[PDB]
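Counting convention: from 1, in listed order, for ligands and their atoms alike. Atom set for the values below is all heavy atoms of this structure, side chains included, hydrogens, waters and symmetry mates excluded. Position 1 is the first residue of the sequence; numbering continues from there.
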Amino acid sequence: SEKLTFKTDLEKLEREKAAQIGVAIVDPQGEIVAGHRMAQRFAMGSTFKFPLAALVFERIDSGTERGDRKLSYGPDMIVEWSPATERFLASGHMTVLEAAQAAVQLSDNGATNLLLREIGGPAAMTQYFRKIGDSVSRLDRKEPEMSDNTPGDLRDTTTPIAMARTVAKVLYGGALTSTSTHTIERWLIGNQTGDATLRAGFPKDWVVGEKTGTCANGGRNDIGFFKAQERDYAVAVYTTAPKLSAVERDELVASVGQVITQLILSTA
Ligand SMILES: *C(=O)[C@H]([C@@H](C)O)[C@H]1CC(SCCNC=N)=C(C(=O)O)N1
């Protein structure tokens with residue numbers, strides 16, 4: 001059984017790395033392909049920045065937001081890990097689209113908070129999840145405190161299955177216009193922060209786009225999509241490994257990518 005090998009290989013990684021590995025793989029319609037701890041809650045960390053950009057694109061599609069609108073800010077918006085926000089600070093603004101692309105591709109915290117200030121904060125992010133059929137994911141705080149990952153805390157969490165289904169809804173389920181869907185897909189493919197995580201474990205001819213996260217207390221996450229030939233999939237991986245180094249956590253997620261690959265290739 002290929003799915004049994006998938007489960008066994010994930011459980012070996014969990015034992016050997018003292019880790020918990022949550023995974024869900026779904027098809028474009030949200031049907032389950034495989035998973036592990038798929039409805040256990042994990043802290044989202046920066047992975048929510050992908051749904052945040054989808055919310056922004058919904059508003060652009062609708063006309064309630066404009067992509068080229070200039071969002072003014074001062075140094076009060078610079079927080080830990082704000083590389084683009086810091087570069088644009090002297091100019092005094094980033095556009096909605098610039099901020100969204102920095103949030104997705106650089107995980108820029110200041111840019112993320114700039115967008116949260118505009119769209120209604122964590123409560124509005126949570127309402128967007130509900131609107132697109134996700135009753136599970138919740139944003140309660142802005143960055144970086146939303147990544148605190150205090151053991152047992154349900155704030156700022158999702159589950160692998162709920163997030164994978166949200167990814168599928170955004171990329172394949174008609175949440176966005178064809179133009180906005182293509183734009184956000186390209187942003188995920190061009191992500192700058194994921195070279196050592198999931199896409200390091202997938203074949204080099206698969207089209208892969210994803211959004212990483214890192215949370216305190218050992219959280220390392222990666223969500224997105226892969227296309228194996230003509231077959232599209234949405235995927236969400238959330239891991240907790242408090243005893244590993246940062247590099248070993250990257251390698252853990254890459255290993256999960258290989259375990260996913262072995263399943264997908266064998267089930268053809
Ligand atoms: C997201 O989880 C955090 C945010 C909550 O503080 C930021 C910090 C790291 S930065 C990754 C830099 N990549 C590099 N070479 C991420 C992340 O995407 O993992 N997001």
For this session: Starting from atom 9 (C) of ligand 1, find the nearest protein heavy-atom neighbour and note its residue, name and distance.
Result: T214 OG1, 4.0 Å
For this session: Taking the side chain as every heavy atom from C-beta outward, state whether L55 and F129 have any pair of such atoms under 4.5 Å apart.
Result: no
Exercise. After noting the C-alpha distance and the side-chain angles of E118 and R69, does the key distance pass the salt bridge (charged side-chain N to carboxylate O under 4.0 Å, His left out) rule?
Worked result: CA-CA 11 Å; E118 295 303 317; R69 186 169 68 90; 2.9 Å; yes
For this session: Note the single closest protein heavy atom to atom 16 (C) of ligand 1, along with its residue, its atom name and the distance in Å.
Result: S107 OG, 3.5 Å
For this session: Spell out, as yes or no, whether a donor-acceptor pair under 3.5 Å connects the side chain of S46 to the backbone of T212.
Result: no
Exercise. When you look for heavy atoms under 4.0 Å from ligand 1, do you find them on the side chain of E143, its backbone, both, or neither?
Worked result: side chain
Exercise. How far is atom 12 (C) of ligand 1 from its nearest protein heavy atom, and which residue and atom is that?
Worked result: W81 CZ2, 4.0 Å
Problem set entry | Ring centre gap for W206 and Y233 strictly below 6.0 Å | no
Problem set entry | Test item, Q192 contacting ligand 1 (heavy atom, 4.0 angstrom) | no
Problem set entry | Contact atoms of ligand 1, heavy-atom distance to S147 under 4.0 Å | 5 (C)
Seminar exercise, completed: The protein heavy atom nearest to atom 13 (N) of ligand 1 is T193 CB, 3.7 Å
Exercise. Any N or O on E80 sitting closer than 3.5 Å to an N or O of ligand 1?
Worked result: no
Exercise. Does the side chain of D250 come within less than 4.5 Å of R220's, by heavy atoms?
Worked result: yes
For this session: Output yes when a side-chain donor or acceptor of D108 lies under 3.5 Å from a complementary backbone atom of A84, and no otherwise.
Result: yes
For this session: May I ask you to check whether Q20 and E14 show a side-chain donor-acceptor distance below 3.5 Å?
Result: no
Exercise. How far is atom 1 (C) of ligand 1 from its nearest protein heavy atom, and which residue and atom name does that atom have?
Worked result: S46 OG, 1.5 Å
Problem set entry | Between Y238 and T47, a side-chain donor and acceptor under 3.5 Å | yes
Exercise. Nearest protein heavy atom to atom 18 (O) of ligand 1, by residue and atom, and its distance?
Worked result: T212 OG1, 2.5 Å
Seminar exercise, completed: The closest protein heavy-atom partner of atom 6 (O) of ligand 1 is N109 ND2, 3.0 Å
Exercise. Which atoms from ligand 1 have a heavy atom of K211 less than 4.0 Å away?
Worked result: 18 (O)
